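Presented below, as structure tokens, is a lone chain in the form deposited in one PDB entry.
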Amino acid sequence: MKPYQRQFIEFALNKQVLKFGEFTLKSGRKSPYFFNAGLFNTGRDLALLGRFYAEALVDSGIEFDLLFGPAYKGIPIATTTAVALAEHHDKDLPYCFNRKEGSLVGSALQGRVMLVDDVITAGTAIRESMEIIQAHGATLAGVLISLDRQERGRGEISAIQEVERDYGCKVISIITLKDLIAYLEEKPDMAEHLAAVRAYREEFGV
């Protein structure tokens, strides 16, 4: 784990973004933990979050012509990421997002799209976004999320490998479940939660 990843983890934890309980994921999976990016709830949180995303984007070297954020979590995420790119990297990118109701807000959806979202579990959201992206004649160059939960997709291979294989894109993340776990191994009163996570990973992990 690099220093910036440790910083991101501590940032997320200081904001109670990582929750433990009986959750039912978008994919229907019953998870013992949930990463809620909606909890980066103040302007300072949003600002820093965008800085993390922009840094990852520029460091990746992936070429893209537009930033797309799927509703709803992707909306504030794409907005602050777009702002960070312009303010700190001198990169002025057209941005776009959809209505969850398709109907789009922002620039025209064209070119090589960089989709930014909070997490990737089974790859459902990415698949839903692609319906919209392909409907506008655009392509998918990459996907960047805060947390790669490192779970399988619709089959046996990881959700990431499936997405990369299906759309010929590159998926990158700020941190992975592994990084999060390594960090938590250092903290007290986490044993039970970590055990629960492992039990879960034995079933959907890859």
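In case it trips you up, residue 1 is the first one in the sequence shown, and so on. We call the rigid core whatever largest set of C-alpha positions still superposes within 1.5 Å between the two forms.
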(message) Our gap detector needs a label for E101 to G102. Which class matches the unmodelled residues of the deposited sequence there: none, 1 to 3, 4 to 9, or 10 or more?
(response) 4 to 9
(message) Using only C-alpha atoms and the B-factors in the entry, which stretch averages higher, 190 to 198 or 11 to 19?
(response) 190 to 198
(request) On mean C-alpha B-factor from the PDB entry, just flag whether 40 to 48 or 176 to 184 is the higher one. (result) 176 to 184
(request) Identify, among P70, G142, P32, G153, the residue whose C-alpha carries the highest B-factor in the deposited PDB entry. (result) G153
(message) Given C169, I62, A56, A138, identify the residue with the highest C-alpha B factor in the PDB entry.
(response) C169
(message) Quick check on the deposited entry: does the C-alpha B-factor of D117 sit in the lowest, middle or highest third of its chain?
(response) lowest
(request) Tell me, lowest, middle or highest third: where does the Cα B factor of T81 rank within its chain? (result) lowest
(message) Going by the CA temperature factor in the PDB record, which third of the chain does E131 belong to: lowest, middle or highest?
(response) highest
(message) Among the modelled residues of this chain, does the Cα B factor of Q161 put it in the lowest, middle or highest third?
(response) highest
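There is also a form deposited in another entry; it is not shown, and the following applies to it.
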(message) I want to make sure I read this right: if the two forms are fitted on their rigid core, which of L57, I174, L177, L140 has a C-alpha displacement of 2 angstroms or more between the shown form and the other one?
(response) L177
(message) Taking the rigid core as the reference frame, tell me whether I157 has a CA displacement of 2 angstroms or more between the shown form and the other one.
(response) yes
(request) Align both forms on the core first, then report whether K26 has a C-alpha shift of 2 Å or more between the shown form and the other one. (result) yes
(message) Quick check: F35 between the shown form and the other one - does its CA shift reach 2 Å or more after fitting the rigid core?
(response) yes
